[PDB]
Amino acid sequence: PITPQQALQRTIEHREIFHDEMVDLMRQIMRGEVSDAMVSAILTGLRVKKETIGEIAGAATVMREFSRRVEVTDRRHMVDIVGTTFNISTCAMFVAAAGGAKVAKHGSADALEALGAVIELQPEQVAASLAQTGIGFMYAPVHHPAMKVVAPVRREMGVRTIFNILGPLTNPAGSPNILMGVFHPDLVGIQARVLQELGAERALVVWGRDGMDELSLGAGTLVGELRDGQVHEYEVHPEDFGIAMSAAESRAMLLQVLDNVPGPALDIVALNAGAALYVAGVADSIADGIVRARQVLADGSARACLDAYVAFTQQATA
């Protein structure tokens, strides 16, 4: 046990709050037991000091506790796709699902409902869509109801805090494999190691150098890979994979991609979907993932999967 004042004092001494203390503390916060002023103080102390792997992991453990999980039965080849310009990850999710992955995605939510899908699915219905279509879209307000507790204080502070990086770690479907885009290059090495601490088996954490929370087409992408109990950092470029560099209609662009219309739009989707198939265990390499991704775009099966998903969400909510 630790009290909020003790935690504030600890950050004032520039010291880390230990994993077990952070668990105890975040539980009090998420239960609504800590005042806005005490929360903003603790969040600031953490931010000035900068947060450690232990602090982030302990906090994310509690965020998962307050999340509504999705209990999927067939956990073969899962990937949790998460991030921080059209809906690239949303388009890539149908491609990866067509190529053989079970794809869980957070939310994009605007894209799917203007495409025919229902968004207000209960966690039991997401489990059902994953089983039937290989696609699991998780509407954040449904799966993260306790975030309302700290929403006003976060809005008043305005600055980024630890909460800005905890959401992506929640993984409510419990995928062992994660594709995560991040906001800042520092977070590539941090989040890969937090994921390892949280028990992920495989992860790719990516930041495009042109400020993209995904594998970019306009610059190199920094990648942090968790594999076989180890984290390795490296950089990829579109040219490595045979792809040229590239500097209301977001649904138009999405739809043209699934129709196999060539262009930069298709290429960035094929790239990111490829990465998802690699981390899901379906593809031997990212390059191999891209090949698979292109084939399911070409045979129209990525399109068909979007349609099976929509149709599912409309039948389920009747």
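Quick note: we count residues from 1 along the sequence shown, nothing fancier.
Unmodelled residues of the deposited sequence between neighbouring positions residue 114 and residue 115 number none; the chain is continuous. In the deposited sequence, the stretch from residue 107 to residue 108 hides 4 to 9 residues that have no coordinates. Relative to one another, 269-277 and 36-44 have unequal mean CA B-factors, and 269-277 is the one with the higher figure.
The PDB entry reports B-factors from which the mean C-alpha value can be compared for 74-82 and 161-169; the larger average falls on 74-82.
In this entry, the residue among 254, 29, 59, 293 with the greatest C-alpha B factor is 254.
Ranking 298, 17, 25, 12 by Cα temperature factor from the entry places 298 first. Looking at the C-alpha B-factors along this chain, the one for residue 152 belongs to the lowest third. Residue 289 sits in the middle third of its chain by CA B factor, as recorded in the PDB entry. In the PDB entry, residue 89 places in the highest third of its chain by CA B-factor. When all modelled residues of the chain are sorted by CA temperature factor, residue 67 is found within the middle third.
For residue 211, the recorded CA B-factor ranks within the highest third of the chain. Only modelled residues enter the ranking.
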